[PDB]
Amino acid sequence: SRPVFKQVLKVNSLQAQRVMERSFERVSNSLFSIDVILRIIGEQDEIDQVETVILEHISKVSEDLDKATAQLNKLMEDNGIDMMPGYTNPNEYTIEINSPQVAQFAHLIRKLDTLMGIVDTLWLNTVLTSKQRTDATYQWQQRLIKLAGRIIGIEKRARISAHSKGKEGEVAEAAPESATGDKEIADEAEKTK
């Protein structure tokens, strides 16, 4: 009755498979709880407002990932590099896609994995310092982790919105909240204030 997309996703770089590991399950559970809590609140005004804010936070990170990919791909042709590296142990992850936004987050991880492959090419080809590879490794990792925490923060602020509409006990039954096992994500979840 409800459509669900099951897919296998290969991730090459360690930065993107670490981001995938400590966030994708919690994020796709958060996107699920949001779609359920919003259907309990009913008000199409709030539904479209929350659907929008989630869309634009995923859009901003996607827009920045493309800009960083476009700039760094220019540095490759500027420097005459047409190849990209193999990886010691890539991982395959079987994922379930219930929302199209869940697909968007998983697509963001692929763009991250792609951008890391470009960074690693420029670093192996002495175009990028060892220091500015780590600065890109940390910041883009932390960039997706900030999104994970913000999405969950939107979920948490939706639960208080549902509480303020008396629909609280309904939420506890329909979609209970999941523990956030990653501290970086859990701390960022306090975009509630």
# chains A, B, ... in the order shown; residues from 1 in each chain; ligands from 1
>>> closest_atom_pairs(of="range 37-128 of chain A", to="range 139-153 of chain A", cutoff="8 Å", atoms="only C-alpha atoms", output="CSV")
residue,atom,partner,partner_atom,distance
A:54,CA,A:151,CA,6.9
A:57,CA,A:147,CA,7.1
A:58,CA,A:147,CA,7.4
A:61,CA,A:144,CA,7.6
A:109,CA,A:144,CA,7.9
A:112,CA,A:140,CA,7.4
>>> residues_around(residues="range 129-138 of chain A", least_positions_apart="3", cutoff="12 Å", atoms="only C-alpha atoms", output="PDB file with C-alpha atoms, in the first residue's frame")
ATOM      1  CA  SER A  13      35.800   7.351   1.068  1.00  0.00           C
ATOM      2  CA  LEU A  14      36.061   7.014   4.834  1.00  0.00           C
ATOM      3  CA  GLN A  15      34.644  10.506   5.381  1.00  0.00           C
ATOM      4  CA  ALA A  16      31.370   9.707   3.618  1.00  0.00           C
ATOM      5  CA  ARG A  18      31.484   7.626   8.561  1.00  0.00           C
ATOM      6  CA  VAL A  19      28.809  10.246   7.844  1.00  0.00           C
ATOM      7  CA  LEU A  65      28.329  20.510  -2.555  1.00  0.00           C
ATOM      8  CA  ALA A  68      32.678  22.884  -4.198  1.00  0.00           C
ATOM      9  CA  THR A  69      32.583  20.078  -6.773  1.00  0.00           C
ATOM     10  CA  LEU A  72      37.584  21.557  -7.483  1.00  0.00           C
ATOM     11  CA  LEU A 112      30.054  14.022  -0.388  1.00  0.00           C
ATOM     12  CA  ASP A 113      31.715  10.746  -1.398  1.00  0.00           C
ATOM     13  CA  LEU A 115      33.747  15.436  -3.567  1.00  0.00           C
ATOM     14  CA  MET A 116      36.105  13.465  -1.310  1.00  0.00           C
ATOM     15  CA  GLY A 117      37.305  11.539  -4.345  1.00  0.00           C
ATOM     16  CA  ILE A 118      38.183  14.839  -6.012  1.00  0.00           C
ATOM     17  CA  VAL A 119      39.933  16.120  -2.875  1.00  0.00           C
ATOM     18  CA  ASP A 120      41.928  12.882  -2.686  1.00  0.00           C
ATOM     19  CA  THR A 121      42.951  13.227  -6.341  1.00  0.00           C
ATOM     20  CA  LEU A 122      44.207  16.785  -5.840  1.00  0.00           C
ATOM     21  CA  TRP A 123      45.997  15.728  -2.649  1.00  0.00           C
ATOM     22  CA  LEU A 124      47.666  12.730  -4.316  1.00  0.00           C
ATOM     23  CA  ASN A 125      48.610  15.005  -7.237  1.00  0.00           C
ATOM     24  CA  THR A 126      50.183  17.614  -4.895  1.00  0.00           C
ATOM     25  CA  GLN A 141      31.905  15.813   7.258  1.00  0.00           C
ATOM     26  CA  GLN A 142      30.729  18.261   9.932  1.00  0.00           C
ATOM     27  CA  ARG A 143      28.589  19.949   7.257  1.00  0.00           C
ATOM     28  CA  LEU A 144      26.412  16.869   6.720  1.00  0.00           C
ATOM     29  CA  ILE A 145      26.442  16.166  10.468  1.00  0.00           C
ATOM     30  CA  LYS A 146      25.023  19.659  11.030  1.00  0.00           C
TER      31      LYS A 146
END
>>> select_by_dssp(residues="range 7-141 of chain A", states="strand (DSSP E or B)", output="number ranges by chain")
A: 7-11, 91-97
>>> write_last_selection(atoms="N, CA and C atoms", output="compact mmCIF listing (two decimals), in the first residue's frame")
# COMPACT_ATOMS: atom_id res chain seq x y z
N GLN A 7 17.57 -0.09 -1.74
CA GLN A 7 18.67 0.11 -2.66
C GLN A 7 19.99 -0.17 -1.95
N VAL A 8 20.99 -0.55 -2.73
CA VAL A 8 22.34 -0.79 -2.24
C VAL A 8 23.21 0.37 -2.70
N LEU A 9 24.00 0.92 -1.77
CA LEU A 9 24.77 2.13 -2.02
C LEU A 9 26.22 1.89 -1.63
N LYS A 10 27.12 1.96 -2.61
CA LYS A 10 28.54 1.79 -2.36
C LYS A 10 29.16 3.14 -2.04
N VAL A 11 29.97 3.18 -0.98
CA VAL A 11 30.63 4.40 -0.53
C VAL A 11 32.13 4.12 -0.47
N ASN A 91 32.45 0.28 1.25
CA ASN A 91 31.36 -0.39 1.94
C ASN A 91 30.08 -0.26 1.13
N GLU A 92 29.29 -1.33 1.12
CA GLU A 92 27.96 -1.32 0.53
C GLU A 92 26.93 -1.29 1.65
N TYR A 93 26.00 -0.35 1.57
CA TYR A 93 24.94 -0.20 2.56
C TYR A 93 23.59 -0.40 1.89
N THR A 94 22.79 -1.31 2.42
CA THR A 94 21.41 -1.48 1.99
C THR A 94 20.55 -0.50 2.77
N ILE A 95 19.85 0.37 2.06
CA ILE A 95 19.08 1.45 2.67
C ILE A 95 17.64 1.36 2.21
N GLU A 96 16.74 1.85 3.05
CA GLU A 96 15.32 1.94 2.74
C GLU A 96 14.93 3.40 2.57
N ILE A 97 14.20 3.69 1.50
CA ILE A 97 13.80 5.05 1.17
C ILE A 97 12.28 5.11 1.26
>>> closest_residue(among="A:100, A:166, A:3, A:181", to="residue 55 in chain A", atoms="only C-alpha atoms")
A:100
>>> atom_distance(atom1="CA of residue 5 in chain A", atom2="CA of residue 180 in chain A")
24.1 Å
>>> atom_distance(atom1="CA of residue 159 in chain A", atom2="CA of residue 99 in chain A")
18.9 Å
>>> closest_residue(among="A:162, A:168, A:189, A:110", to="residue 43 in chain A", atoms="only C-alpha atoms")
A:162
